[PDB]
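Peer 1: Hey, dropping target-v4.cif in here, mmCIF, N, CA and C atoms and all ligand atoms:
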data_target
#
loop_
_atom_site.label_atom_id
_atom_site.label_comp_id
_atom_site.auth_asym_id
_atom_site.auth_seq_id
_atom_site.Cartn_x
_atom_site.Cartn_y
_atom_site.Cartn_z
N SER A 1 87.93 141.43 119.99
CA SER A 1 87.71 142.84 120.32
C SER A 1 86.44 143.35 119.63
N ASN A 2 86.08 144.60 119.92
CA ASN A 2 84.96 145.23 119.23
C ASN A 2 85.34 145.72 117.84
N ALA A 3 86.64 145.82 117.54
CA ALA A 3 87.07 146.17 116.19
C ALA A 3 86.97 144.98 115.24
N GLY A 4 87.20 143.77 115.74
CA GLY A 4 87.03 142.60 114.92
C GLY A 4 85.58 142.15 114.88
N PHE A 5 85.31 141.18 114.01
CA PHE A 5 83.97 140.64 113.87
C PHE A 5 83.77 139.47 114.81
N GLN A 6 82.54 139.33 115.30
CA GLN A 6 82.19 138.22 116.18
C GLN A 6 82.52 136.89 115.52
N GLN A 7 83.06 135.96 116.32
CA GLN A 7 83.54 134.68 115.83
C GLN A 7 82.72 133.54 116.41
N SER A 8 82.25 132.65 115.53
CA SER A 8 81.50 131.47 115.92
C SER A 8 82.32 130.19 115.75
N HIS A 9 83.63 130.29 115.59
CA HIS A 9 84.50 129.12 115.52
C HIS A 9 85.91 129.53 115.95
N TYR A 10 86.73 128.52 116.21
CA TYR A 10 88.15 128.72 116.50
C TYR A 10 88.88 127.43 116.14
N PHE A 11 90.15 127.34 116.52
CA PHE A 11 90.96 126.16 116.25
C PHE A 11 91.71 125.74 117.50
N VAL A 12 92.05 124.45 117.57
CA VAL A 12 92.81 123.88 118.67
C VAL A 12 94.00 123.13 118.07
N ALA A 13 95.15 123.20 118.74
CA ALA A 13 96.33 122.50 118.27
C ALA A 13 96.16 121.00 118.44
N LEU A 14 96.52 120.24 117.40
CA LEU A 14 96.52 118.79 117.47
C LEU A 14 97.85 118.24 117.95
N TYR A 15 98.95 118.93 117.65
CA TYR A 15 100.28 118.45 117.96
C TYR A 15 101.12 119.58 118.53
N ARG A 16 102.31 119.20 119.02
CA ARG A 16 103.31 120.17 119.44
C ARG A 16 103.97 120.78 118.21
N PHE A 17 104.05 122.11 118.18
CA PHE A 17 104.80 122.80 117.14
C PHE A 17 105.92 123.58 117.80
N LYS A 18 107.16 123.28 117.43
CA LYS A 18 108.33 123.98 117.94
C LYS A 18 108.71 125.07 116.94
N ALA A 19 108.79 126.30 117.44
CA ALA A 19 109.11 127.44 116.58
C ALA A 19 110.47 127.26 115.92
N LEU A 20 110.47 127.40 114.59
CA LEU A 20 111.71 127.44 113.82
C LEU A 20 112.39 128.80 113.90
N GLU A 21 111.61 129.86 114.07
CA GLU A 21 112.04 131.24 114.01
C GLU A 21 111.37 132.01 115.14
N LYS A 22 111.84 133.24 115.35
CA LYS A 22 111.29 134.05 116.43
C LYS A 22 109.81 134.33 116.23
N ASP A 23 109.33 134.28 114.98
CA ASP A 23 107.95 134.66 114.67
C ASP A 23 107.08 133.45 114.32
N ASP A 24 107.49 132.26 114.71
CA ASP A 24 106.63 131.08 114.66
C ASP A 24 105.84 130.98 115.95
N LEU A 25 104.61 130.47 115.84
CA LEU A 25 103.70 130.39 116.98
C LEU A 25 103.94 129.08 117.72
N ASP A 26 104.61 129.17 118.86
CA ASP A 26 104.86 128.01 119.71
C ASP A 26 103.55 127.56 120.35
N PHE A 27 103.24 126.27 120.23
CA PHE A 27 102.05 125.78 120.93
C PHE A 27 102.14 124.28 121.21
N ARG A 28 101.34 123.87 122.21
CA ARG A 28 101.16 122.52 122.71
C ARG A 28 99.81 121.99 122.26
N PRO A 29 99.64 120.67 122.20
CA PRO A 29 98.32 120.13 121.85
C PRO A 29 97.26 120.63 122.82
N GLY A 30 96.12 121.04 122.28
CA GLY A 30 94.99 121.48 123.08
C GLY A 30 94.85 122.98 123.20
N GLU A 31 95.86 123.75 122.83
CA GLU A 31 95.77 125.20 122.96
C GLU A 31 94.80 125.77 121.93
N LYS A 32 94.07 126.82 122.33
CA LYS A 32 93.12 127.48 121.46
C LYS A 32 93.85 128.52 120.62
N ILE A 33 93.59 128.50 119.31
CA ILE A 33 94.25 129.37 118.36
C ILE A 33 93.19 130.13 117.58
N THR A 34 93.37 131.45 117.46
CA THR A 34 92.59 132.28 116.56
C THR A 34 93.41 132.48 115.29
N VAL A 35 92.89 132.01 114.17
CA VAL A 35 93.59 132.14 112.89
C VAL A 35 93.31 133.53 112.33
N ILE A 36 94.38 134.30 112.11
CA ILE A 36 94.25 135.66 111.59
C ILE A 36 94.68 135.78 110.14
N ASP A 37 95.34 134.77 109.59
CA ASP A 37 95.69 134.76 108.17
C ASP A 37 95.76 133.31 107.71
N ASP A 38 94.87 132.93 106.79
CA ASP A 38 94.89 131.60 106.19
C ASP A 38 94.94 131.69 104.68
N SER A 39 95.49 132.79 104.15
CA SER A 39 95.57 133.01 102.72
C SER A 39 96.69 132.22 102.06
N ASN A 40 97.63 131.69 102.84
CA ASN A 40 98.73 130.87 102.35
C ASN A 40 98.45 129.41 102.70
N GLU A 41 98.52 128.54 101.70
CA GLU A 41 98.12 127.15 101.89
C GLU A 41 99.02 126.43 102.89
N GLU A 42 100.30 126.79 102.96
CA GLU A 42 101.27 126.02 103.72
C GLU A 42 101.64 126.63 105.06
N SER A 43 101.24 127.87 105.33
CA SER A 43 101.68 128.56 106.54
C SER A 43 100.62 129.58 106.92
N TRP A 44 99.98 129.36 108.06
CA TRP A 44 98.95 130.25 108.56
C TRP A 44 99.50 131.09 109.71
N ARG A 45 98.89 132.24 109.91
CA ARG A 45 99.20 133.12 111.03
C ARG A 45 98.08 133.02 112.06
N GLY A 46 98.46 132.95 113.33
CA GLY A 46 97.49 132.75 114.39
C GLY A 46 97.93 133.45 115.66
N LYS A 47 96.99 133.54 116.60
CA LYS A 47 97.21 134.21 117.87
C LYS A 47 96.77 133.30 119.01
N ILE A 48 97.57 133.28 120.07
CA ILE A 48 97.24 132.61 121.32
C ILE A 48 97.36 133.68 122.40
N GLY A 49 96.24 134.28 122.78
CA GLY A 49 96.32 135.47 123.62
C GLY A 49 97.03 136.57 122.86
N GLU A 50 98.06 137.15 123.48
CA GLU A 50 98.86 138.17 122.82
C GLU A 50 100.00 137.59 121.99
N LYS A 51 100.22 136.27 122.05
CA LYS A 51 101.21 135.64 121.20
C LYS A 51 100.69 135.54 119.77
N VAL A 52 101.55 135.87 118.80
CA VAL A 52 101.19 135.78 117.39
C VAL A 52 102.36 135.17 116.62
N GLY A 53 102.04 134.41 115.58
CA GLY A 53 103.09 133.83 114.76
C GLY A 53 102.53 132.89 113.71
N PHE A 54 103.46 132.30 112.96
CA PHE A 54 103.16 131.38 111.87
C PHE A 54 103.27 129.94 112.34
N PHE A 55 102.57 129.05 111.63
CA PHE A 55 102.55 127.64 112.00
C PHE A 55 101.99 126.84 110.83
N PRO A 56 102.19 125.53 110.82
CA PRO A 56 101.66 124.69 109.72
C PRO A 56 100.18 124.41 109.91
N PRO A 57 99.37 124.60 108.87
CA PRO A 57 97.91 124.42 109.06
C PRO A 57 97.49 123.02 109.46
N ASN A 58 98.23 121.98 109.04
CA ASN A 58 97.80 120.62 109.38
C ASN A 58 98.01 120.29 110.85
N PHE A 59 98.53 121.22 111.64
CA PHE A 59 98.72 121.00 113.07
C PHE A 59 97.51 121.39 113.90
N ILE A 60 96.43 121.86 113.28
CA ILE A 60 95.27 122.33 114.03
C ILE A 60 93.98 121.73 113.49
N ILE A 61 92.94 121.84 114.32
CA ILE A 61 91.61 121.32 114.01
C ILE A 61 90.59 122.41 114.31
N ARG A 62 89.56 122.49 113.48
CA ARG A 62 88.54 123.52 113.62
C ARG A 62 87.50 123.11 114.65
N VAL A 63 87.05 124.08 115.44
CA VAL A 63 86.07 123.87 116.50
C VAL A 63 84.98 124.92 116.35
N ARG A 64 83.72 124.47 116.31
CA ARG A 64 82.59 125.39 116.29
C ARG A 64 82.22 125.80 117.71
N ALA A 65 81.67 127.00 117.84
CA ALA A 65 81.15 127.45 119.12
C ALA A 65 80.20 126.41 119.69
N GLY A 66 80.42 126.04 120.95
CA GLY A 66 79.59 125.06 121.62
C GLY A 66 80.02 123.62 121.44
N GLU A 67 81.05 123.36 120.65
CA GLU A 67 81.60 122.02 120.54
C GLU A 67 82.61 121.79 121.66
N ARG A 68 82.62 120.58 122.19
CA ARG A 68 83.54 120.21 123.26
C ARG A 68 84.79 119.58 122.67
N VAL A 69 85.92 119.84 123.32
CA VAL A 69 87.22 119.35 122.89
C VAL A 69 87.75 118.42 123.98
N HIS A 70 88.39 117.33 123.56
CA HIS A 70 88.86 116.32 124.49
C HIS A 70 90.30 115.92 124.19
N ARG A 71 90.96 115.40 125.22
CA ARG A 71 92.22 114.69 125.08
C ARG A 71 92.00 113.23 125.44
N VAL A 72 92.57 112.33 124.64
CA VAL A 72 92.48 110.90 124.92
C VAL A 72 93.40 110.56 126.09
N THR A 73 92.84 109.92 127.11
CA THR A 73 93.60 109.54 128.30
C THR A 73 94.02 108.08 128.30
N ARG A 74 93.50 107.26 127.38
CA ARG A 74 93.79 105.83 127.35
C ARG A 74 93.64 105.35 125.92
N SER A 75 94.70 104.76 125.37
CA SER A 75 94.64 104.25 124.00
C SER A 75 93.65 103.09 123.93
N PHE A 76 92.90 103.02 122.83
CA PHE A 76 91.82 102.04 122.73
C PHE A 76 91.54 101.73 121.27
N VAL A 77 91.41 100.44 120.96
CA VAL A 77 91.12 99.96 119.62
C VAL A 77 89.61 99.79 119.48
N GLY A 78 89.02 100.49 118.52
CA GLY A 78 87.58 100.44 118.35
C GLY A 78 87.14 99.39 117.34
N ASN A 79 85.88 99.00 117.46
CA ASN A 79 85.20 98.08 116.52
C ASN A 79 84.71 98.96 115.37
N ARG A 80 85.48 99.05 114.31
CA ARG A 80 85.24 100.06 113.29
C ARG A 80 83.90 99.87 112.60
N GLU A 81 83.51 98.62 112.33
CA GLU A 81 82.33 98.40 111.50
C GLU A 81 81.06 98.90 112.17
N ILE A 82 81.05 99.00 113.50
CA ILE A 82 79.87 99.51 114.20
C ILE A 82 80.04 100.99 114.52
N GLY A 83 81.07 101.62 113.95
CA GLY A 83 81.22 103.06 114.04
C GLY A 83 82.23 103.56 115.05
N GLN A 84 82.95 102.66 115.72
CA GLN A 84 83.94 103.08 116.70
C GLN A 84 85.24 103.47 116.00
N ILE A 85 86.12 104.13 116.75
CA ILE A 85 87.38 104.63 116.22
C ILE A 85 88.50 104.28 117.18
N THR A 86 89.68 104.04 116.62
CA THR A 86 90.88 103.76 117.39
C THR A 86 91.64 105.06 117.61
N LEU A 87 91.94 105.36 118.87
CA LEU A 87 92.67 106.57 119.23
C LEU A 87 93.76 106.22 120.23
N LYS A 88 94.77 107.08 120.29
CA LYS A 88 95.90 106.89 121.18
C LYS A 88 95.93 107.97 122.25
N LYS A 89 96.48 107.62 123.41
CA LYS A 89 96.62 108.56 124.50
C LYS A 89 97.29 109.83 124.02
N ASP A 90 96.79 110.97 124.50
CA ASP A 90 97.27 112.33 124.26
C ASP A 90 96.77 112.88 122.92
N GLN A 91 96.01 112.11 122.14
CA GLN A 91 95.40 112.64 120.93
C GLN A 91 94.30 113.63 121.28
N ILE A 92 94.15 114.65 120.42
CA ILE A 92 93.17 115.71 120.59
C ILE A 92 92.03 115.48 119.60
N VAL A 93 90.79 115.56 120.09
CA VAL A 93 89.62 115.33 119.25
C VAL A 93 88.51 116.31 119.60
N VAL A 94 87.60 116.49 118.65
CA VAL A 94 86.45 117.39 118.77
C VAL A 94 85.18 116.55 118.83
N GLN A 95 84.33 116.84 119.81
CA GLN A 95 83.09 116.09 119.97
C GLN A 95 82.07 116.48 118.90
N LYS A 96 81.40 115.47 118.34
CA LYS A 96 80.46 115.68 117.25
C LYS A 96 79.07 115.10 117.50
N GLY A 97 78.83 114.49 118.66
CA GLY A 97 77.53 113.96 118.98
C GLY A 97 77.33 113.93 120.48
N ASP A 98 76.15 113.48 120.90
CA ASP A 98 75.85 113.32 122.31
C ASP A 98 76.29 111.93 122.78
N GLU A 99 76.67 111.85 124.05
CA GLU A 99 77.10 110.58 124.63
C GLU A 99 75.96 109.57 124.60
N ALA A 100 76.32 108.30 124.40
CA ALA A 100 75.36 107.21 124.41
C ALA A 100 76.13 105.91 124.57
N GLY A 101 75.69 105.08 125.51
CA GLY A 101 76.32 103.79 125.71
C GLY A 101 77.74 103.85 126.21
N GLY A 102 78.12 104.95 126.86
CA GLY A 102 79.49 105.10 127.31
C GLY A 102 80.46 105.52 126.23
N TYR A 103 79.97 105.80 125.03
CA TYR A 103 80.78 106.27 123.92
C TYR A 103 80.27 107.64 123.48
N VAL A 104 81.12 108.38 122.77
CA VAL A 104 80.73 109.65 122.17
C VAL A 104 81.41 109.79 120.82
N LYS A 105 80.71 110.40 119.87
CA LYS A 105 81.24 110.59 118.53
C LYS A 105 82.24 111.74 118.52
N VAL A 106 83.41 111.50 117.94
CA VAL A 106 84.47 112.50 117.91
C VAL A 106 85.10 112.55 116.52
N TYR A 107 85.83 113.63 116.28
CA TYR A 107 86.52 113.89 115.02
C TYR A 107 87.99 114.14 115.31
N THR A 108 88.86 113.47 114.55
CA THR A 108 90.30 113.59 114.73
C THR A 108 90.92 114.67 113.86
N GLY A 109 90.18 115.15 112.85
CA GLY A 109 90.74 115.94 111.77
C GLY A 109 90.82 115.17 110.47
N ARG A 110 90.91 113.84 110.54
CA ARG A 110 90.80 113.00 109.35
C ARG A 110 89.74 111.91 109.45
N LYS A 111 89.36 111.46 110.64
CA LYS A 111 88.35 110.42 110.76
C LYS A 111 87.37 110.74 111.88
N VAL A 112 86.19 110.13 111.77
CA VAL A 112 85.07 110.31 112.69
C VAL A 112 84.72 108.94 113.27
N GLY A 113 84.33 108.91 114.54
CA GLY A 113 83.90 107.65 115.12
C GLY A 113 83.61 107.77 116.60
N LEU A 114 83.04 106.68 117.13
CA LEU A 114 82.65 106.59 118.53
C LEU A 114 83.83 106.14 119.39
N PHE A 115 84.00 106.79 120.54
CA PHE A 115 85.11 106.49 121.44
C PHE A 115 84.62 106.52 122.88
N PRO A 116 85.16 105.66 123.74
CA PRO A 116 84.65 105.59 125.12
C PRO A 116 84.89 106.89 125.89
N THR A 117 83.83 107.37 126.55
CA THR A 117 83.93 108.59 127.33
C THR A 117 84.87 108.43 128.52
N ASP A 118 84.99 107.21 129.05
CA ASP A 118 85.89 106.99 130.18
C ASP A 118 87.35 107.23 129.80
N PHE A 119 87.68 107.16 128.51
CA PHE A 119 89.05 107.32 128.04
C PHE A 119 89.29 108.70 127.44
N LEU A 120 88.44 109.67 127.78
CA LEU A 120 88.61 111.05 127.37
C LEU A 120 88.59 111.94 128.60
N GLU A 121 89.23 113.11 128.49
CA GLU A 121 89.11 114.19 129.46
C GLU A 121 88.84 115.47 128.68
N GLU A 122 88.04 116.35 129.26
CA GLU A 122 87.68 117.58 128.56
C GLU A 122 88.77 118.63 128.75
N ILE A 123 89.09 119.33 127.66
CA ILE A 123 90.09 120.38 127.71
C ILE A 123 89.53 121.70 127.17
NA NA A 201 81.96 130.51 112.46
#
Take the structure from the file and write it as structure tokens.
Ligand code: NA
Peer 2:
Amino acid sequence: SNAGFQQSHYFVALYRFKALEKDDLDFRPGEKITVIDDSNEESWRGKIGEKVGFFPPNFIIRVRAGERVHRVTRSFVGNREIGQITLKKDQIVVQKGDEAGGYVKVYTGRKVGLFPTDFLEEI
């Protein structure tokens, strides 16, 4: 809104979170989340449209404006020493480089590496 400050980043869900309580933020992998309270280490408050609630912070990944987000469509074991990464189908990742050689650099939230573009879909 115009009352809030302009935002150059957001977050995307990495996993399914099932609400424990009426005020937990239900979400599926890939949904865009605006974090409105991250002052508590173990439980953040976020919004998905008009939905608002609490959720575990390790269930989301940070995305900068202009970064592309993908879902893995095919599990694939990468050659780690040359910079590739192993990912499983339905995993959510953030793009961190330009495509080259049929691979693109992505971030899982804990590891970085090259993954085949044919085994990703944009979300
Ligand atoms: Na920002």
Peer 1: Please identify every polymer residue within 7 Å of ligand NA 201 (chain A), using all atoms listed in the file, and present the set as a PyMOL selection string.
Peer 2: chain A and resi 7-10+64-65
Peer 1: Rounded to one decimal place, report the atom N of residue A:67-atom N of residue A:96 distance in Å.
Peer 2: 8.2 Å
Peer 1: Would you work out the distance separating atom N of residue A:56 from atom CA of residue A:107, expressed in Å to one decimal?
Peer 2: 20.0 Å
Peer 1: Can you tell me, as JSON, numbers by chain, which residues sit within 5 Å of (94.0, 133.7, 110.8) in the file's frame, using all atoms listed in the file?
Peer 2: {"A": [34, 35, 36, 37, 38, 45]}
Peer 1: Residues near stretch 47-55 of chain A, anyone? I mean within 7 Å using all atoms listed in the file, not counting same-chain ones fewer than 5 positions away, as a ChimeraX atom specification.
Peer 2: /A:22-26,32-36,42
Peer 1: Apply DSSP to the structure's backbone, then extract all residues of chain A labelled strand (DSSP E) and return them as a ChimeraX atom specification.
Peer 2: /A:9-13,32-37,44-48,51-55,60-64,69-72,92-95,103-107,112-116,120-122
Peer 1: Between atom CA of residue A:57 and atom N of residue A:117, what distance in Å does the model show, to one decimal?
Peer 2: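 Rounded to one decimal, the two atoms are 28.2 Å apart.
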Peer 1: As a ChimeraX atom specification, please: the residues near residue A:90 (cut-off 6.5 Å, all atoms listed in the file, same-chain neighbours under 6 positions excluded).
Peer 2: /A:71-74
Peer 1: Could you tell me, as a CSV table (one decimal) with N, CA and C atoms, in the frame of the given file, which residues of stretch 10-112 of chain A DSSP assigns to helix (DSSP H, G or I) when given the backbone?
Peer 2:
chain,number,residue,atom,x,y,z
A,57,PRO,N,99.4,124.6,108.9
A,57,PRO,CA,97.9,124.4,109.1
A,57,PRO,C,97.5,123.0,109.5
A,58,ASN,N,98.2,122.0,109.0
A,58,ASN,CA,97.8,120.6,109.4
A,58,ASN,C,98.0,120.3,110.8
A,59,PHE,N,98.5,121.2,111.6
A,59,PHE,CA,98.7,121.0,113.1
A,59,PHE,C,97.5,121.4,113.9
A,80,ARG,N,85.5,99.0,114.3
A,80,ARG,CA,85.2,100.1,113.3
A,80,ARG,C,83.9,99.9,112.6
A,81,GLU,N,83.5,98.6,112.3
A,81,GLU,CA,82.3,98.4,111.5
A,81,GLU,C,81.1,98.9,112.2
A,82,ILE,N,81.0,99.0,113.5
A,82,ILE,CA,79.9,99.5,114.2
A,82,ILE,C,80.0,101.0,114.5
Peer 1: Taking only N, CA and C atoms into account, which of A:16, A:105, A:89, A:70 comes nearest residue A:121?
Peer 2: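 Counting only N, CA and C atoms, the residue closest to residue A:121 is A:70.
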Peer 1: Using only N, CA and C atoms - which residues lie no farther than 6 Å from the point (88.5, 124.1, 116.6) in the file's frame? Write them as a PyMOL selection string.
Peer 2: chain A and resi 10-12+61-64
Peer 1: The centre and edge lengths of an axis-aligned box containing all atoms of stretch 44-61 of chain A present in the file, extended by 6 Å on each side, are to be given in Å to one decimal, as lines of an AutoDock Vina configuration file.
Peer 2:
center_x = 97.0
center_y = 129.2
center_z = 115.8
size_x = 24.9
size_y = 29.9
size_z = 27.6
